[PDB]
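>>> Take this sequence and fold it.
(2 chains)
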Amino acid sequence: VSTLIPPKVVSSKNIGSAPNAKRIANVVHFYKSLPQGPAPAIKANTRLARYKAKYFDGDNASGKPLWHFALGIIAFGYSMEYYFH
Amino acid sequence: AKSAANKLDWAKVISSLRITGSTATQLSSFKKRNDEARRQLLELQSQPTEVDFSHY
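Numbering: from 1, shown residues only, chains lettered A, B, ... in the order given. Let me share the structure:
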């Protein structure tokens, strides 16, 4: 009797394995990926984006904006001492 | 001969291992092999069609 037709019916091996699910994710995801990002934000020259550029970089954990920002509040109230005295 | 068909068949049987879709497909190939093996031994068994009018 003639061989049956199972080997040639493939359309439930298109969901049949788990990486089909992953495939339909990364055919979208990686295809819509850019070569490099859009932009990281670091500066924009609003003149305080420069503050971010010098101090608040991705790799700058350096305490300098803190010191500067602290010193700003010291400059503020010290003048206000002379506003009240 | 018949062996050409069957050489491709058994090469395909051990390939059919590499498809799990088979259920009774391998049984259909096995059946064609059975009766194919029957006809060759039938054909080899064969008597001369008619009795010898010379000797017999």
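>>> What residues does chain B have near chain A?
Counting by Cβ under 8 Å from any Cβ of the partner chain, chain B comes close to chain A at B:16, B:19, B:21-25, B:28-29, B:31-32. All C-beta spots, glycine's among them, are computed from the backbone N, C-alpha and C.
>>> Would you show me how to pick out the buried ones of the residues you listed in PyMOL?
To isolate the buried members of the residues of chain B next to chain A in PyMOL, using 16 or more other Cβ atoms under 10 Å in any protein chain shown:
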select buried, chain B and resi 16+22+25+29+32
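>>> could I get the residues of chain B next to chain A as TSV with distance to residue A:71 and secondary structure?
Below are the residues of chain B next to chain A laid out as TSV (distance: Cβ to Cβ, whole Å; DSSP: H, G, I helix; E, B strand; the rest coil):
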residue	distance to residue A:71	secondary structure
B:16	81	helix
B:19	76	coil
B:21	76	coil
B:22	80	coil
B:23	81	coil
B:24	86	coil
B:25	83	helix
B:28	89	helix
B:29	88	helix
B:31	94	helix
B:32	93	helix
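>>> Find the centremost residue of chain A, please.
Nearest to the centroid of the C-alpha atoms of chain A, with distances taken as Cα atoms, centre = their mean, sits residue A:40, at 7.2 Å.
>>> Find the closest residue to chain A in chain B.
Using Cβ to the nearest Cβ, the single residue of chain B nearest to chain A is residue B:21, 4.0 Å away.
>>> How about the contacts made by that residue?
Taking Cβ atoms under 8 Å, 6 or more residues apart in numbering or on different chains, we find residue B:21 in contact with A:6-7, A:9.
>>> Can you tell me which of these is nearest chain B?
Each of the contacts of residue B:21 was checked against chain B using Cβ to the nearest Cβ; the closest is residue A:6, at 4.0 Å.
>>> Settle this for me: the closest one is touching residue B:28, isn't it.
No - shown here, residue A:6 and residue B:28 do not form a contact pair, counting by Cβ atoms under 8 Å, at 10.6 Å.
>>> Overlap in contacts, those two.
Any residue near both residue A:6 and residue B:28 by Cβ under 8 Å, 6+ apart counts here, and not one turns up.
>>> so of the contacts of residue B:21, which ones are in helices?
With helices identified by DSSP state H, none of the entries of the contacts of residue B:21 belong to them.
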